[PDB]
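So the chains spell out like this:
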Amino acid sequence: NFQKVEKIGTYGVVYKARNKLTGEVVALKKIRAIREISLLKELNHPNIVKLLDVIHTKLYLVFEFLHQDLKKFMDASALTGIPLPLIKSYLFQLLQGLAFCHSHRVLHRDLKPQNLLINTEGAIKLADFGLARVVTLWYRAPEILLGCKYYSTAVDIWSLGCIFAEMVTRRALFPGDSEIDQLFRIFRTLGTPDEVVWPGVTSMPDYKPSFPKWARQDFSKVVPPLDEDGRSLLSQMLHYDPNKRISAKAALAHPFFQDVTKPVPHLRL
Ligand SMILES: O=C(O)c1cc(C(F)(F)F)ccc1Nc1ccc2[nH]c3ccccc3c2c1
């Protein structure tokens, strides 16, 4: 091939590779439309991983390479926790990237810590989009689990709220291991949704009137250490009704980010 390899990890396998005739180190994703994927090469943002080349012959996607992901960093930080100023910077940057692609009517659809790449300079970038269309369901929005066949940009805000909570508490918010276990983990924390808080929920394809009715707990129980600014913002990212869920652009204006900075992480590569 044109590259030397090293595997680093739903669409296919991903390799760290070196371009044999530029020296460039890249992320090589082998899959197993073309006109629209290629439009993504032209769209770039500091908080989105760059798509360098599309190659069809099997579908190959060449991305810029980043050394660490947020899942590895959270595990590495599990005894101490990520410092709040760094959580806030990462959240702010992720909302910046979401606001950009949502402004282009592009959804991620499968945000998770594993898909969030970080570098030594303090940046974090969206990667591994779910665009081609054991699976982790922990960050799935409730409208997806209830079988809605039209995602909106709100599904990415939901996932990012789940990731926000996980950075703060150092435990996954909703670690379900089946669709209904995921759904009921959400229900037990936020209350079983009804027509009052989510108009139209009872007519969604996978809704059952027989769902158990759990009462809502309180956000002070959910992300304890977090101050009222952060708890407020998280509550707005976890609204059941996708129409009530805060947008990325509005989240950026939230008081939580009034003192945001850009700290440098301690990374062990
Ligand atoms: O992440 C992946 O695996 C991935 C897979 C495909 C596949 F459909 F070919 F599979 C396509 C794109 C993919 N990511 C990607 C890369 C750069 C980007 N730039 C953007 C600007 C605005 C909105 C979105 C993006 C964007 C998204």
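Residues numbered from 1 in each chain as written, not as in the entry; some residues may be left out. Heavy atoms only, no water. Residues with missing side-chain atoms left out of burial classes, pairs and counts.

As documented in the archive entry, the model was determined using X-ray crystallography at 1.6900 Å resolution.

In the nomenclature of the PDB entry, the protein chain is known as Cyclin-dependent kinase 2 of Homo sapiens.

(A) Geometry of the domain arrangement of the protein chain. Assigned domains of the protein chain: these are domain 1 (3–64) and domain 2 (68–257). Facing 12 residues of domain 1, the contacting portion of domain 2 comprises 17 residues. Counting the surface domain 1 buries against domain 2, the share from its top three residues, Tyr-11, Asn-47 and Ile-48, is 45%. Taken together, the connections running from domain 1 to domain 2 amount to 2 salt bridges. Among the ionic pairs, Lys-125 bridges to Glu-64, the shortest N-O distance being 3.3 Å. Its residues assigned to classes, the side of domain 1 that touches domain 2 shows 6 nonpolar, 4 polar and 2 charged. (Domains from an automatic or database assignment. Contact = heavy atoms within 4.5 Å. Buried area = accessible area lost by both parts, 1.4 Å probe. Salt bridge = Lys/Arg side-chain N within 4 Å of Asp/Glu carboxyl O. Nonpolar A, V, L, I, M, F, W, Y, C, P; charged D, E, K, R; others polar.)

(B) Quick peek at the site of the ligand. Taken together, 16 residues are adjacent to the ligand, and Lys-29, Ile-37, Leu-43, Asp-128 and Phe-129 come closest. Within the backbone of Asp-128, one N or O atom sits 3.1 Å away from an oxygen atom of the ligand. Backbone polar atom of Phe-129 to an oxygen atom of the ligand: 2.5 Å apart, as the coordinates give it. For the ligand, the protein covers 98% of the area, taking 550 Å² as the surface of the free molecule. Within the residue set of the shell around the ligand, elements represented by two or more residues are α1 (34–42), β5 (59–64) and α3 (84–103). Across the shell around the ligand, the residue classes break down as 14 nonpolar, no polar and 2 charged. (Near = heavy atom within 4 Å. Polar contact = N/O pair within 3.5 Å; in protein donor to acceptor, adjacent residues only side chain to side chain. Areas by Shrake-Rupley, 256 points an atom, 1.4 Å probe, with all protein chains shown as cover. Helix = DSSP H or I, 4+ residues; strand = E, 2+ residues; numbered from the N terminus.)

(C) Local environment of the UniProt feature "active site" in the protein chain. Here the UniProt-annotated "active site" positions come out as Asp-110. Along the polypeptide, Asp-110 turns up in the loop between α3 and β7 (116–118). Beyond its immediate chain neighbours, meaning those up to four positions away, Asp-110 contacts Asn-115 and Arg-140. At a separation of 2.5 Å, a polar atom in the side chain of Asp-110 contacts the side chain of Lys-112. (UniProt positions renumbered as here; feature names shortened; annotations may be inferred.)

(D) Examining the packing of aromatic side chains more closely. Scanning the entire structure with this criterion turns up 14 aromatic pairs. Relative to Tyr-90, the ring of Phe-73 lies with its centre 6.3 Å away and its plane at 70 degrees, an arrangement referred to as edge-to-face. Of the two residues, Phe-73 sits in helix α2 (residues 70–76) while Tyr-90 sits in helix α3, which places them 17 residues apart along the sequence. Look at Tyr-90 and you get buried, because its relative accessible area is 0%. (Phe/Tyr/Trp six-rings, centres within 6.5 Å; stacked < 30°, edge-to-face > 60°. Buried < 20%, exposed > 50% of the residue type's maximum accessible area, 1.4 Å probe, protein only.)

(E) Summary view of the pattern of salt bridges. For the structure shown, the criterion picks out 12 salt bridges. The residue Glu-228 makes a salt bridge to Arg-231 at a minimum N-O spacing of 2.4 Å. On the criterion of helical spacing, the pair formed by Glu-228 and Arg-231 is a turn pair, its members being 3 residues apart in helix α8 (residues 228–237). Residue classification places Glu-228 among the partly exposed residues on the basis of a relative accessible area of 48%. Taken together, the shared-partner salt bridges connect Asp-110, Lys-112 and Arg-140 into one network.

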